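K.L.:
Chains as they are written, first to last, in the numbering used here: chain U, 1 to 215; chain C, 1 to 215; chain B, 1 to 215; chain A, 1 to 215; chain H, 1 to 215; chain X, 1 to 215.
Ideal Cβ positions, reconstructed from N, Cα and C, are used throughout, including at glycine.
Protein chains: 6
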Amino acid sequence: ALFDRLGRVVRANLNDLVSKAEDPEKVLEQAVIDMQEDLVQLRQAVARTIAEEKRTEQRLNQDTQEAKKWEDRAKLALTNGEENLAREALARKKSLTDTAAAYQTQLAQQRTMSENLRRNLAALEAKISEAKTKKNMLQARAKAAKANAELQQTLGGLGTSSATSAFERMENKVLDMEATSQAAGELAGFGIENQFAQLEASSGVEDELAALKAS
Amino acid sequence: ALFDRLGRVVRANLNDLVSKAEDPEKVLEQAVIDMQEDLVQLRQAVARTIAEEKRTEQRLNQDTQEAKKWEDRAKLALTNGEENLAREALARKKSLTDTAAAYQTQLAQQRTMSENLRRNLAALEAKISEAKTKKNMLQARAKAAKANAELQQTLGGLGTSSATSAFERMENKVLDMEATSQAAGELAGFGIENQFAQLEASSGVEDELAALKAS
Amino acid sequence: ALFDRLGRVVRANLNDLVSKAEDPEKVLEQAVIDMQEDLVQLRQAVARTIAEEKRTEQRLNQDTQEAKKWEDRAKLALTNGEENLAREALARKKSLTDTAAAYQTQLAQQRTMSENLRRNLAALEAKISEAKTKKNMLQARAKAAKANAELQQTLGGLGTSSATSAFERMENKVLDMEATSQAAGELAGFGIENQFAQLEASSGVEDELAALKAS
Amino acid sequence: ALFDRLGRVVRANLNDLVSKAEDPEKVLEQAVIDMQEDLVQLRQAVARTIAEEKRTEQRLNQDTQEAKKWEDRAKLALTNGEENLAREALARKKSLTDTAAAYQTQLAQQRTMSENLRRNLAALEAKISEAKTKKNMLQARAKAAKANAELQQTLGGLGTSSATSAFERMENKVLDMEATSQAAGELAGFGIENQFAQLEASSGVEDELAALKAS
Amino acid sequence: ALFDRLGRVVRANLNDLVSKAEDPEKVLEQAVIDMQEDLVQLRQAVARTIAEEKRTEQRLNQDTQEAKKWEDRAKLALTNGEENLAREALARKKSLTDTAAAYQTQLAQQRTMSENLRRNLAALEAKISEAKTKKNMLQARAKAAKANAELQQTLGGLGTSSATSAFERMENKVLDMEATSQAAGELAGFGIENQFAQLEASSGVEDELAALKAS
Amino acid sequence: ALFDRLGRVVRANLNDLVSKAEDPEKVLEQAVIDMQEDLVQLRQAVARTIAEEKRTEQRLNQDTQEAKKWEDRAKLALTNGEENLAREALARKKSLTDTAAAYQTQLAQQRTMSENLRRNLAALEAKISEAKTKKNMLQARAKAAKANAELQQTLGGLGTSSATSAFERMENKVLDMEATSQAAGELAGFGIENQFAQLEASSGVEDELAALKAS
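1) With distances taken from CA atoms, which of X:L17, X:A149 and X:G189 is nearest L2 (chain H)?
2) Starting from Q195 (chain H), find everything on chain U with Cβ-Cβ shorter than 7 angstroms and list it in chain order.
3) Would you report the Cα separation of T154 (chain B) and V32 (chain B), rounded to the nearest angstrom?
4) Between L6 (chain U) and chain H, is any beta-carbon pair separated by less than 9 angstroms?
5) If I measure Cβ to Cβ from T99 (chain B) and keep anything under 7 angstroms in the same chain, skipping five residues before and after, which residues do I get?
6) Can you say whether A214 (chain H) is buried or exposed, counting buried as having 16 or more other CB atoms within 10 angstroms of its CB?
7) So what does DSSP say about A122 (chain U), is it helix, strand or coil?
8) Considering only their Cβ atoms, is the gap separating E25 (chain X) from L138 (chain X) smaller than 9 angstroms?
9) Checking 9 angstroms against the spacing of the C-beta atoms, do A89 (chain A) and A77 (chain A) come in under that value?
10) Quick one: what does DSSP say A1 (chain B) is sitting in, helix, strand or coil?
11) Please report whether the beta-carbon of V46 (chain U) lies at a distance below 9 angstroms from any beta-carbon of chain C.
12) Quick test of your reading: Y103 (chain H) and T133 (chain H), contact by CB under 8 angstroms. State the CB separation rounded to the nearest angstrom.
13) Is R87 (chain A) near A67 (chain A), with beta carbons less than 9 angstroms apart?
14) Compare the beta carbon distance of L39 (chain X) and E125 (chain X) with 9 angstroms and say whether it is the shorter of the two.
15) How about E53 (chain X) and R141 (chain X): do their beta carbons lie closer than 9 angstroms?
16) Which parts of the stretch 24-57 of chain U are runs of the beta strand (DSSP E), unbroken and 3 residues or longer, counting only runs that do not cross its ends?
17) 9 angstroms is my cut-off, CB to CB: does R87 (chain A) come that close to chain B?
18) Contact criterion: CB-CB distance below 9 angstroms. Does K213 (chain H) meet it with respect to chain U?
19) Less than 9 angstroms separating the beta-carbons of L42 (chain X) and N116 (chain X)?
20) With 16 other CB atoms within 10 Å as the buried threshold, where does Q182 (chain C) fall?
21) Please report the straight-line C-alpha distance between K143 (chain H) and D176 (chain C), rounded to a whole angstrom.
22) Cα separation between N148 (chain X) and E168 (chain U)?
23) Under 9 angstroms, do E29 (chain C) and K127 (chain C) count as touching if we go by C-beta distance?
24) Assign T49 (chain U) to buried or exposed, taking buried as 16 or more other Cβ atoms, counted over all protein chains shown, within 10 Å of its Cβ.
25) Can you list the residues of chain B that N15 (chain C) reaches, using a CB-CB cut of under 8 angstroms?
26) Report the residues of the stretch 58-80 of chain X with a CB closer than 9 angstroms to any CB of chain F, ordered along the chain.
27) Between the beta-carbon of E22 (chain X) and the beta-carbon of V9 (chain H), is there less than 9 angstroms?
28) Which bits of chain U does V18 (chain H) rub up against, with CB to CB less than 8 angstroms?
29) Check the C-beta distance from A131 (chain X) over to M35 (chain X) and give it rounded, since I have them as a contact under 8 angstroms.
30) Strictly under 9 angstroms for the Cβ-Cβ distance: is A201 (chain H) near chain U by that measure?
31) Using a Cβ-Cβ cut-off of 7 angstroms (strictly less than) and excluding sequence neighbours within five positions of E71 (chain A), which residues of its own chain qualify?
32) In chain order, what residues of the same chain lie with their CB nearer than 7 angstroms to the CB of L96 (chain X), ignoring the 5 residues before and after it?
33) Can you look up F190 (chain X) in the DSSP assignment and give me helix, strand or coil?
34) Here's the rule: buried if 16 or more other CB atoms are within 10 angstroms of the residue's CB, otherwise exposed. What is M113 (chain U)?
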């Protein structure tokens, strides 16, 4: 349906605006806080399982302690003489003794669930801890991305160095053109040729001075 | 008949709505209260049986005590002299004595019913008590079911951790792509090749410094 | 019937709200006040049984005292001379004497009920007194539960100590990173290598000073 | 019923507010005033029993004094001569004499009730008096509880002494750090080593002065 | 029917407007979210199949454990002496043992369905994962399409470079036309011909200077 | 009948309006969607045929498994001793065995229908797939028809180029007519003939200059 495609495109445009606003390193801190809240909720469920194991433990010890009570009352009645009453007390002692087995098995059963949820806690603890160390390395990688952007700004500064160097190269071309214009006027008037003829006569006089030193 | 099948389907749909609304642990408390009301009604029936046994007991003792009365009146009349009157009193004593046997047998008969209903009370007491202990273990099992649902929420939190980790992985891919773009521009301009030639000349100078330390 | 299951579920939801509002230690005081009202009602029933025993006692003494009256009137009539009147007075004395036995047996019968209800009072007194001592220990156990919740708050304070220690660890990492950046710039400029060469020359001068002390 | 549990919880919350407002020593004075009002009401009941004993006493003496009147009238009529009238007066004297016995027994009967209520008064007097002495010791114990709270305030003053001593210890650490900084600069400039060489030369001069005294 | 052709043409025009609004890369993210919702619904159906396998497993173990109960009761009755009761208990043990086979076969039957749906889950997992990797390559291809559009903009910039170069070529044609107009006026006045005659006389003077250097 | 010819002409006029509104490429997408709905309906009929084949398969296996049951019961009765009962069980085993053949033949019969409808599905799958590829080529052909209409617009642009070129040709004819009017006035005044006589005298002077260079 075309309305479902338009709703998916609007949700994708909203997600693209969310990614454009995403903040470096702050998202990792928010993930660590969210993992801490999840660990507190998991610890509450583990605590409720441990409380069930403690309830069954208390009931077990209650059963044992009450069976000893019936056992003592049976001996009291036996010493008095009412033997049938002692047999009745022992009969109730048997009921308590047998119920001890059911609560014992239930207790060992709850130990398996306790260990299961404890293993889940341990693995999720590993997950949160690797989140911690991953953030440690990921903050170093995010700083390295900012340093790579600084290296790109140093390369981009080549455009500004080309503007300053091009302005200096234009001023140097104007100075060299003024010097060339003085040399072109001095050559075109014959003055450079007269100076070359005078330099040849000065070289002839230097050769005559070398011969005068040689003789 | 099709109307009986529609009535059974409507009652099954009503039962499915009742199961959807069922509350954890509260149903076990309502069962313990219903077992207490049933035990009070059973105790009232047992009390009526015990009252029948007490009525017959009183009638038995009445018969014995009245027979002693006739026995004494017979001796009074004997000492006076009216022997026939004493024989009449003894004749009534015989009637009372014989009725004692019928009420004695009826009393021992009612003892069997008393013991029957008492055994029923004892067994139903065992039933209610195992209901109590069963609720004790069943509340621990219901808490373990809530803790299993918490472990499923910790596994389901993997989808939210994949959304946070995927947002971090997209930001890391954008930073690594900016660094790769700076390295691709630096290589494509020949600057990475000029830096590799300068690093080879720096390694040659380090080998010359090692030879200068060696000589 | 589905309406009976909905009524039991609504009553269980009301009981769960009552347990959520339950107040520590105040419920034990309300139980002690309710046991005091029940003991006052039981004491009123015991007092009515003791009053029945006192009524029969008064009737017994009345019978004895009246029999003595008839005995004296018989002697008065005997001394006067109307012997038949004295025999009549003695005849009534016999009736009173015999009724004394019936009221005597009834009195000893009421003593058994008095002792029965008195034993019930004694046992329920034991029950209320163990309620008192149980509250004494139970207030100590409720304070120990509040202290266990304080120990859980001291362990939960580890999250706040991790926030303060993590802020200090981030400030220490920033200071150590600034020191490392100064050391990396000093090494990369060759200044750390020049300082290591000067430290080797200072160690050579210290060895020359040790040789100059040795000679 | 859930409304009875909510009423008991509201009454327990009201009792907890009453205990929070409880005032030391003033409650013992209010108990002494309440015991004085109860003793005044008990004394009024004892006074009504003593007034019943006084009424019977007056009736007894009235009977005796009236019997003497009839006895005198009998002698008057005897001396006159109407012997039958004297016998009639003596006949009434007998009626009064016999009624004296009934009121005598009733008086001795009321003495038993007087002594019973008097014993109750004595025991409740012991109760109020032990309340008095108990308050005497209990005011000493309440003052000892206030003195124990003062000893807890003296121990709690250790936190304020740690704040003052910690401020002094920080100022002493700043002064010792300034002295250490002067000693570290004096050692690092070689001045402490020059002073140690001068102290060795001063010890050599002291040994030369000891040899110059020895020779 | 012509109304069905008009409805198909209107739906095709609506689809063409939907394709014109289609957004690059956002549709792949919406497909990954839709595959995650479908995987959650498939996982719920697989979980219901696994719960059916667990129900049958519990019933199987229940049957075994109950058969052991009947086996023990048979030995109790045998040791007591009621042999027929023991044979009855063994008769019920046989019923439980045989039902174990039916639930065993049903359990192994449900394992086949569990594996079937698990294989479907695995294959659809492969489908979603190839969707993930396909999006990875498809985002690279979409960026390459944007870069191809940038290369088309660089070629289209040839029209703007032709406008700037054509304006410079018109200014250069105007300057060259002004120079040509000065040369055409200088030639048409005979001044270029007089300068060519003077350049021929200057070449004759240069040849005379070369002969004067040669002699 | 003339009313049937008028109804056919009205339906043909409605079809001509439908063809005038026909949209390029969108009709091929609507045909692909209509082929998908037809394939879903055909797949539902094929699924009902496969379910009939599965029903017969289950009945076949039921027959085999039940025949084994009767075979075992026959051996039980044989070992017990009731031989006639075993022969009866084998008699029922024969009935089940023979019914197996009828359901076997019916199953192989339904396989032929399954294969027939499966072949129809395969061929219609070929039809829909060639519809897909035909649309692939047909979208390329529809784009080529739009490009042919663009080539017709480029040829039709020759009319607009003739309007611009005709306006330029009229301006060029007006400029050439103004130049011709200046030349016609200059010729008609004799000035062109005087300039031709002066050009002949200038050619005579150029021939005299060539003779002066030749001598």
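P.N.:
A quick look at the data gives this:
1) The residue you call residue 2 (chain H) lines up with position 2 of the fifth sequence. Ranking the options by Cα distance to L2 (chain H), first place goes to X:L17.
2) Locating residue 195 (chain H) in the fifth sequence gives position 195, where the first residue counts as 1. Here the premise fails: no neighbours, minimum Cβ distance about 16 angstroms.
3) In the third sequence, counting from the first residue as 1, residue 154 (chain B) sits at position 154. In the third sequence, counting from the first residue as 1, residue 32 (chain B) sits at position 32. Using only the alpha carbons, I get a separation of about 35 angstroms.
4) Mapped onto the first sequence, residue 6 (chain U) falls at position 6. Cβ-Cβ to chain H under 9 angstroms: yes for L6 (chain U).
5) Against the third sequence, residue 99 (chain B) aligns to sequence position 99. The residues are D63.
6) As a position in the fifth sequence, residue 214 (chain H) is number 214, starting the count at 1. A214 (chain H) should be labelled exposed.
7) Looking up residue 122 (chain U) in the first sequence gives position 122. DSSP places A122 (chain U) in helix when its eight states are reduced to three.
8) Walking along the sixth sequence from the start, residue 138 (chain X) turns up at place 138. Walking along the sixth sequence from the start, residue 25 (chain X) turns up at place 25. Against a cut-off of 9 angstroms, the Cβ pair of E25 (chain X) and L138 (chain X) comes out as a contact.
9) Within the fourth sequence, residue 89 (chain A) is the residue found at index 89, counting from 1. Within the fourth sequence, residue 77 (chain A) is the residue found at index 77, counting from 1. Yes, these two residues count as a Cβ contact at 9 angstroms.
10) The count along the third sequence starts at 1 and reaches residue 1 (chain B) at position 1. Looking at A1 (chain B) - three-state DSSP - the assignment turns out to be coil, as it is neither helix nor strand.
11) On the first sequence, position 46 is the one that residue 46 (chain U) refers to. It does: the Cβ of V46 (chain U) has a partner Cβ on chain C nearer than 9 angstroms.
12) Locating residue 103 (chain H) in the fifth sequence gives position 103, where the first residue counts as 1. Locating residue 133 (chain H) in the fifth sequence gives position 133, where the first residue counts as 1. Contact doesn't hold; Cβ gap of about 44 angstroms is too wide.
13) Residue numbering aside, residue 87 (chain A) sits at position 87 when the fourth sequence is read from its first letter. Residue numbering aside, residue 67 (chain A) sits at position 67 when the fourth sequence is read from its first letter. No, the Cβ-Cβ distance between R87 (chain A) and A67 (chain A) is not below 9 angstroms.
14) Against the sixth sequence, residue 39 (chain X) aligns to sequence position 39. Against the sixth sequence, residue 125 (chain X) aligns to sequence position 125. Cβ distance < 9 angstroms, so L39 (chain X) and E125 (chain X) count as in contact.
15) Numbered from its first residue, the sixth sequence carries residue 53 (chain X) at position 53. Numbered from its first residue, the sixth sequence carries residue 141 (chain X) at position 141. No, Cβ-Cβ distance for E53 (chain X) and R141 (chain X) is not below 9 angstroms.
16) none
17) Translated into the one-based positions of the fourth sequence, residue 87 (chain A) becomes position 87. No, its Cβ sits nowhere closer than 9 angstroms to a Cβ of chain B.
18) Indexing the fifth sequence from 1 puts residue 213 (chain H) at position 213. Judged by the 9 angstroms Cβ criterion, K213 (chain H) is not in contact with chain U.
19) Stepping through the sixth sequence from its first residue, residue 42 (chain X) is reached at position 42. Stepping through the sixth sequence from its first residue, residue 116 (chain X) is reached at position 116. Taking 9 angstroms as the Cβ cut-off, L42 (chain X) and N116 (chain X) do not qualify as a contacting pair.
20) If you number the second sequence from 1, residue 182 (chain C) lands on position 182. Buried, by the Cβ-count rule.
21) Locating residue 143 (chain H) in the fifth sequence gives position 143, where the first residue counts as 1. Locating residue 176 (chain C) in the second sequence gives position 176, where the first residue counts as 1. Roughly 16 angstroms separates the two Cα atoms.
22) Sequence index remark: in the sixth sequence, residue 148 (chain X) carries index 148 (1-based). Sequence index remark: in the first sequence, residue 168 (chain U) carries index 168 (1-based). Straight-line Cα distance between these residues: approximately 58 angstroms.
23) Start at 1 with the first residue of the second sequence, and residue 29 (chain C) comes out as number 29. Start at 1 with the first residue of the second sequence, and residue 127 (chain C) comes out as number 127. No, the Cβ-Cβ distance between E29 (chain C) and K127 (chain C) is not below 9 angstroms.
24) Residue 49 (chain U) sits at position 49 when you count from the first residue of the first sequence. Label assigned to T49 (chain U): buried.
25) Position 15 of the second sequence, counted from the first residue, corresponds to residue 15 (chain C). By Cβ distance, chain B contributes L2.
26) Within the model displayed, chain F is absent; protein chains U, C, B, A, H and X are what it includes.
27) Numbered from 1 along the sixth sequence, position 22 holds the residue referred to as residue 22 (chain X). Numbered from 1 along the fifth sequence, position 9 holds the residue referred to as residue 9 (chain H). For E22 (chain X) and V9 (chain H), yes; Cβs fall inside 9 angstroms.
28) Position 18 of the fifth sequence, counted from the start, is the residue given in the question as residue 18 (chain H). Residues of chain U passing the Cβ test: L2, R5 and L6.
29) Along the sixth sequence, one-based indexing puts residue 131 (chain X) at 131. Along the sixth sequence, one-based indexing puts residue 35 (chain X) at 35. Contact holds; Cβ gap of about 6 angstroms.
30) Taking the fifth sequence and counting its residues from 1, the one referred to as residue 201 (chain H) is at position 201. No, its Cβ sits nowhere closer than 9 angstroms to a Cβ of chain U.
31) Residue numbering aside, residue 71 (chain A) sits at position 71 when the fourth sequence is read from its first letter. For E71 (chain A), where only same-chain residues beyond five positions count, the Cβ hits under 7 angstroms are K93.
32) Counted from its first residue, the sixth sequence places residue 96 (chain X) at position 96. Within the same chain, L96 (chain X) has close Cβ partners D63, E66, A67 and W70.
33) Translated into the one-based positions of the sixth sequence, residue 190 (chain X) becomes position 190. Residue state, collapsed to three classes: coil.
34) Residue numbering aside, residue 113 (chain U) sits at position 113 when the first sequence is read from its first letter. So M113 (chain U) counts as buried.
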